[PDB]
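J.: What follows is a single structure, and I will ask about it in a moment.
When we count neighbours, we look across all protein chains shown, and the Cβ atoms used for this are built from the backbone with ideal geometry, even at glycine. Values in this text are rule-based calculations from the coordinates and carry no lab data.
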Amino acid sequence: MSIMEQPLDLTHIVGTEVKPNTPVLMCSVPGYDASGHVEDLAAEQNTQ
Amino acid sequence: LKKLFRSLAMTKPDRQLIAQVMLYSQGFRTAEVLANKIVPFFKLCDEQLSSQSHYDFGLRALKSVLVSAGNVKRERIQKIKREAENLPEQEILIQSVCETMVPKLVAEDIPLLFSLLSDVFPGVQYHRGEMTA
Amino acid sequence: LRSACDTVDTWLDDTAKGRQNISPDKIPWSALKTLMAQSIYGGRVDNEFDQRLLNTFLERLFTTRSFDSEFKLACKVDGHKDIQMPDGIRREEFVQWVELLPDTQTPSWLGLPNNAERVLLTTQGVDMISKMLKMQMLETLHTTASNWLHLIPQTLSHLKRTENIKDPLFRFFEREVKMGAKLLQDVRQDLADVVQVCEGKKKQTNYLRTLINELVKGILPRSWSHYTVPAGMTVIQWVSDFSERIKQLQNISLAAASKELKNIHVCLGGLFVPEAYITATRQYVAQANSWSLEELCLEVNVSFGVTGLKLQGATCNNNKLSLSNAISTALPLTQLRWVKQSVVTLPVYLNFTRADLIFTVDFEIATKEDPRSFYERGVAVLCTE
Amino acid sequence: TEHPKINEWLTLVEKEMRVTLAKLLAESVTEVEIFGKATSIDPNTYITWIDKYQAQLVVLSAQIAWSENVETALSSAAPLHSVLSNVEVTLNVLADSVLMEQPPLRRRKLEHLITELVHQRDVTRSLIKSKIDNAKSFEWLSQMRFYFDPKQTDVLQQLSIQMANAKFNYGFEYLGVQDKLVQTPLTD
Amino acid sequence: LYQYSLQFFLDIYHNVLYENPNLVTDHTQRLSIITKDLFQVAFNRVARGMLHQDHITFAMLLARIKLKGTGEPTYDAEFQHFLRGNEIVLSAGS
Amino acid sequence: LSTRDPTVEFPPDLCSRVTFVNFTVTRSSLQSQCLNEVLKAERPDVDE
C-alpha cells in the first residue's frame, strides 16, 4: 500500500487503463475539487 | 466557485471605535465618555433583558441611536436658536436611546431598561409628551 | 496554497530583479507573514484564539531565525525526538528529504498532545470491525415507552414561577428561573398528556403522536430544545442534565426566598445562558465600585465562586498551569475578581464542541514551557461536561 | 443643437464628467499642498476651500496630501511628528467648525473629513509607535496610499492609489456625498 | 460510493495478463508472478476510489483471501472471534 | 424487457405483469471464466 501514499499517475491511468467509453469519476469530499488537476493534466498533454 | 473568491470573516466589529469618532464628528464635548458609556449599555441590555424574538441590540441599533442622537441635538440647537453653548449631551443620548428602544420592549422590561439607564447615567430623567396637537 | 505561492512570487519579483540569491534579512518576512496571516490563511478564521494560533505558528516557522541551519521545525515526540530542517536548496533535495521522512507519524508532530489520536484510532478500529462484520453477514413498543415514561419524571417535582428589585444579579436569576419554570411546565404537561393517552381513556393527538415517534426514535423534540443542544445529544443524557439544572434553579429560588444570592456557588454549566451571568456580576462590581462596565477586566484565581470547570490537556497547581497528557481535570472551586488594570489567556467554552465561545480567562504561565507551546497544545476550560 | 444621438452625448457627458472631476481634483491637491504644507492653518480660507470643492474631492485631496507628506517624511522621526501635529491642528479646526452651526451639506462634507483625519491620526500614531526603515516597510505598505503625478497628459489616469503590491487607478465616478464609513481595524 | 462491475474485473484481467511487467517465460514462475501482480493491482485499482478509513479493511480482506488461497491453515475460529466475538454476550457479574 | 441495473426497484404492478429473469454471476461460472482466460493468456493454441 505504499503506492497509495504517492500522488496519482493520472496521465498513465487515462492513457492506459481508462477505456474511451468509461467516464473518469473524480469524486471528492467537500473542500476539495480535482477540476484544476484535470486542467493541469490537459495542459501537460496538450489536449483541447 | 469558491476558488474564484477570496474569503474574509466579519465576526465582531469595533463598536467602541465606531461610536466614538462618529460622536466626535456629530459634535460632542464628552464624546469619548459617551461612547464608553453607550456600547457597554447596549451589550448589557442585549442579554440582561428577556429573550424576545423581536429584540435587536446590535450595530444597526447602535448606529441608529447615534444618528438619532445627532439629529435631536441639532433639533435642540435649532430650538434654542428659535428661542451654541453647553448642552445636556447625556440627556440627548438617553432621549435617543428611549425613543429607539422603549417601544420594542415587553411590559416587564421597561423598568429593567430604566434601571440600566439609571445605573449607567445618573442624571437621566425622562422626556415625553410635547405632542399636544 | 496557490494564492500564498503567488504572493511569495510577487514579493520576490518586487524585491529582486533577476538576482541569483537574496540575503535572509532582505526577504520580506514580516510583510509575507502579516499578509498571509490577515488575508490568505487568516481570512476564514472566525475565532480570536484560532487567529492567535495561526499567528504564533507563522511567527515561529517563517522567521526561520533568518535561515538558521538545523532549525527545529517541530518536535516529533515531546520526549527525545526532533525534526531537522533540510539544508538543500533545490526541489530535488526537498523531495528527497520528503521521501526520507518516516511514513508513520504521531500527533505530537503538530504540537498537539498524543492522546487526541487515541479516541479516533479506537473509533476507527471499532468501525473496521463493524465493516468486517458487515461483509461477514453478507457472506408492545408503547408498553416499554410507557415504562420509560414512568421511569423518568420522579426526579422533577415542582418549581416556583418568581419580585421587584434593582439588583443586576437578582433580576437575571429571576428570569432564569422564569423560563426554566416555563420549560418545566411544558415538559410536565407533555408527560401528563402522554401518560393519560397511554394508560387511560384518551385518544392520540398530532403533537403527542409526533412526540411519541420522536421519543421512540431517541431524538430531542424541537419544542424542548430551547437552550443550546450539544451536537445533538440523546434524550436519556439530556433528561439528567435538565434535572440537575432544575435542582440548581430550585436551590437558587430557595436561597432567594430565605443579599444571600451572592454567596451561592453557581455552576456555569447549569445556566441556560452563561455569559449573561458574567456580565451581570461585572455590572454588580461596577455598581459596587461606582465604575464603568468596559474598564473592568478579568483576574481569575483557582469574589464570586463558580464550579464545574474542566480543563483540556493541562492541570492547575496554585494558579499555575502545568501540561499533562490527561484529557481533562476538574477544578473544585474557582473564584473571579474584577480589576480595572508573559502570561497565557485561556478560552472558556460551554461544552466540548467549542461551537460557542463564552468568555476568556487569563492565568499565570508555567516556568519551563513556552506560550507558543501552550497555544499549540490548545488548553481551554469546559463547563458542561 | 447639432442633434447627436442620445447614447453618444450621454457617453460624452460621462467621459467629460470624469475628466472634469480629474481636473478639479488636480486643482484641489494643489490647494491642499499650499494650505497644509505650513503648520498653522487659516479657518477663513479653509471654509472657502471646503465650500468651493466637492466632498469626495476634499476627502481624497486630504488623503493624497497626507500620504505624500508621510512619504516625504519616510524618504527624509521628527517629520512624522510634524505630520501628526498638522493632523491634530486640522482636527482641532474641524472640531471648532462642527461646534459652530453649519448648513447640512457642508456639515456632512466636514464630518467625513473629521472621520478621515481621525483615521490618519491613528495610522500616524501607530506608525510612530512602530519603527520605520524606509517607504518599503510593511508597516507603511499595509495602509491605503495615494500618489499624484501632475506631469502625465492622461488626466483621467493621473491619480494612482496603492496598497501593498496593489495598484489602482481612480475611476472618477461622481459619488455625490454618500455616507462615509469609520475605518476600524476590521475595516483595514 | 464504490460499485464495481464484472466488466471492471475483466478490464483488470486484460490489464494484468496482457501487459504484465517483465514478460520469466516459464510456466511455473509466471503463475506466481501473475498471482502476486493480480493481488497488488486489484488492491491499487480498488483503493483508488475508496476512503483511507476503509483502505486497511480492504487490505485485511485481501490478506484473508491470500490465506484462503494458500499451503497455510486458515484460523477460521480465530477470524470469527476477531470479527463477531467483540460483541459476544458475557456472564452476569463477571 | 431488459435492464442493466440490478439495484433497481420495480413497482408491484409491473412485478405482477412481468416475469423476472435475473442473470447474476456465480462463483463456479467466474472460476470457469478465469480458468479459460488464464489458459488463453498462457497457452492460446492449447485453449483453442
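J.: I want to confirm something. Restricting to the range B:27-44 and keeping residues that are assigned to a helix (DSSP H, G or I) and buried (at least 20 other Cβ atoms within 10 Å of the Cβ), which single residue is nearest to the other protein chains (Cβ to nearest Cβ)?
T.: B:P40
J.: In the range A:1-32, what residues are charged (D, E, K, R), surrounded by 13 or more Cβ atoms within 10 Å (Cβ to Cβ) and more than 10 Å from chain E (Cβ to nearest Cβ)?
T.: none
J.: Against the conditions (1) among the small types (G, A, S); (2) touching a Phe, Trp or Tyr at 6+ places or on another chain (Cβ under 8 Å); (3) assigned to a loop (DSSP other than H, G, I, E, B), where does F:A41 fall short? Just the number, please.
T.: (3)
J.: Here is a follow-up. For the range C:159-168, give me each residue that is touching a helix residue (DSSP H, G or I) at 6+ places or on another chain (Cβ under 6 Å) and at the interface with chain B (Cβ under 10 Å from one of its Cβ atoms).
T.: Once the filter is applied, which keeps residues that are touching a helix residue (DSSP H, G or I) at 6+ places or on another chain (Cβ under 6 Å) and at the interface with chain B (Cβ under 10 Å from one of its Cβ atoms), the range C:159-168 yields C:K166, C:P168.
J.: Which of (1) in a loop (DSSP other than H, G, I, E, B); (2) touching a helix residue (DSSP H, G or I) at 6+ places or on another chain (Cβ under 8 Å) does E:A92 not meet, given it meets every other one?
T.: (2)
J.: Given (1) surrounded by 11 or more Cβ atoms within 10 Å (Cβ to Cβ); (2) polar (S, T, N, Q); (3) assigned to a loop (DSSP other than H, G, I, E, B), identify the lone condition not met by C:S108.
T.: Unmet for C:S108, out of (1) surrounded by 11 or more Cβ atoms within 10 Å (Cβ to Cβ); (2) polar (S, T, N, Q); (3) assigned to a loop (DSSP other than H, G, I, E, B): (3).
J.: What residue, of B:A9, B:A84, is in contact with a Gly (Cβ under 9 Å, 6 or more places away or on another chain), away from chain C (no Cβ under 14 Å) and in a loop (DSSP other than H, G, I, E, B)?
T.: Testing whether each residue is in contact with a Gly (Cβ under 9 Å, 6 or more places away or on another chain), away from chain C (no Cβ under 14 Å) and in a loop (DSSP other than H, G, I, E, B) leaves just B:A84.
J.: Within the range C:289-306, which residues are more than 12 Å from every other protein chain (Cβ to nearest Cβ), in a loop (DSSP other than H, G, I, E, B) and hydrophobic (A, V, I, L, M, F, W, C)?
T.: If the condition is that a residue be more than 12 Å from every other protein chain (Cβ to nearest Cβ), in a loop (DSSP other than H, G, I, E, B) and hydrophobic (A, V, I, L, M, F, W, C), then C:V302 is the only one that fits.
J.: Name the one entry in E:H52, E:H14, E:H27 that is exposed (fewer than 15 other Cβ atoms within 10 Å of the Cβ) and under 20 Å from C:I129 (Cβ atoms).
T.: E:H52
J.: From B:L4, B:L49, which residue is within 17 Å of the chain's Cα centre (by Cα) and either within 13 Å of chain C (Cβ to nearest Cβ) or on the phi > 0 side of the Ramachandran plot (or both)?
T.: When all the criteria are applied, what remains is B:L49.
J.: Please work out if D:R145 is under 14 Å from the mean Cα position of the chain (by Cα) and surrounded by 15 or more Cβ atoms within 10 Å (Cβ to Cβ).
T.: yes
J.: Is the range D:124-146 home to any residue that is closer than 30 Å to B:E75 by Cα, within 12 Å of another protein chain (Cβ to nearest Cβ) and of a type outside the set (F, W, Y)?
T.: No, because not a single residue in the range D:124-146 is closer than 30 Å to B:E75 by Cα, within 12 Å of another protein chain (Cβ to nearest Cβ) and of a type outside the set (F, W, Y).
J.: Consider the range E:78-89. How many of its residues are within 13 Å of chain C (Cβ to nearest Cβ), exposed (fewer than 13 other Cβ atoms within 10 Å of the Cβ) and in a loop (DSSP other than H, G, I, E, B)?
T.: 1
J.: Look through C:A280, C:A276, C:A286 and report the one residue that is within 14 Å of chain B (Cβ to nearest Cβ), under 17 Å from C:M179 (Cα atoms) and either within 22 Å of the chain's Cα centre (by Cα) or not in a loop (DSSP other than H, G, I, E, B) (or both).
T.: So the residue among C:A280, C:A276, C:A286 that is within 14 Å of chain B (Cβ to nearest Cβ), under 17 Å from C:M179 (Cα atoms) and either within 22 Å of the chain's Cα centre (by Cα) or not in a loop (DSSP other than H, G, I, E, B) (or both) is C:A276.
J.: Quick test of your reading of the structure: C:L211 fulfils all but one of (1) farther than 28 Å from C:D167 by Cα; (2) loosely packed, with under 13 Cβ neighbours inside 10 Å; (3) not β-branched (V, I, T). Name the failing condition by number.
T.: Of (1) farther than 28 Å from C:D167 by Cα; (2) loosely packed, with under 13 Cβ neighbours inside 10 Å; (3) not β-branched (V, I, T), only one is false for C:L211: (2).
J.: Oh, and also: Would a scan of the range D:107-125 turn up a residue that is more than 19 Å from D:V182 (Cβ to Cβ), more than 17 Å from the chain's Cα centre (by Cα) and not acidic (D, E)?
T.: No: the range D:107-125 contains no residue that is more than 19 Å from D:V182 (Cβ to Cβ), more than 17 Å from the chain's Cα centre (by Cα) and not acidic (D, E).
J.: Which count do you get for residues in the range E:11-34 that are under 24 Å from A:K19 (Cα atoms) and not in a loop (DSSP other than H, G, I, E, B)?
T.: 9
J.: Now for a separate question. Given D:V118, D:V155, which one is in contact with a helix residue (DSSP H, G or I) (Cβ under 6 Å, 6 or more places away or on another chain) and assigned to a helix (DSSP H, G or I)?
T.: D:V118
J.: State all residues of the range D:148-176 that are away from chain C (no Cβ under 13 Å) and either within 14 Å of the chain's Cα centre (by Cα) or at positive phi (or both); if no residue qualifies, say none.
T.: D:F148, D:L159, D:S160, D:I161, D:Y170, D:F172, D:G176
J.: When you check B:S68 against the structure, is it within 14 Å of chain C (Cβ to nearest Cβ) and either touching a helix residue (DSSP H, G or I) at 6+ places or on another chain (Cβ under 7 Å) or buried (at least 17 other Cβ atoms within 10 Å of the Cβ) (or both), yes or no?
T.: So B:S68 fails the test.
J.: Can you confirm whether C:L61 is surrounded by 11 or more Cβ atoms within 10 Å (Cβ to Cβ) and in contact with a helix residue (DSSP H, G or I) (Cβ under 7 Å, 6 or more places away or on another chain)?
T.: So C:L61 does not fit the description; no.
J.: Determine whether the range C:4-24 contains at least one residue that is within 33 Å of the chain's Cα centre (by Cα), crowded, with 17+ Cβ neighbours inside 10 Å and either in a loop (DSSP other than H, G, I, E, B) or within 14 Å of chain D (Cβ to nearest Cβ) (or both).
T.: No.
J.: Moving on to the next point. Tell me, which residue of chain F that is of a type in the set (S, T, Y) and exposed (fewer than 10 other Cβ atoms within 10 Å of the Cβ) is farthest from E:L6 (Cα to Cα)?
T.: Top of the filtered list is F:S16.
J.: When you scan the range C:352-382, how many residues do you find that are hydroxyl-bearing (S, T, Y) and assigned to a strand (DSSP E or B)?
T.: So the count comes out to 1.
J.: Could you go through the range E:62-77 and let me know if any residue there is within 14 Å of chain F (Cβ to nearest Cβ), hydroxyl-bearing (S, T, Y) and within 25 Å of F:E42 (Cα to Cα).
T.: For the range E:62-77, residues within 14 Å of chain F (Cβ to nearest Cβ), hydroxyl-bearing (S, T, Y) and within 25 Å of F:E42 (Cα to Cα): absent.
J.: With respect to E:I33, determine if the residue is of a type in the set (V, I, T) and loosely packed, with under 14 Cβ neighbours inside 10 Å.
T.: no
J.: I've got another one for you. Go through C:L254, C:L249, C:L293 for me and flag whichever is farther than 30 Å from B:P122 by Cβ and buried (at least 20 other Cβ atoms within 10 Å of the Cβ).
T.: Matching residue, one of C:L254, C:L249, C:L293: C:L249.
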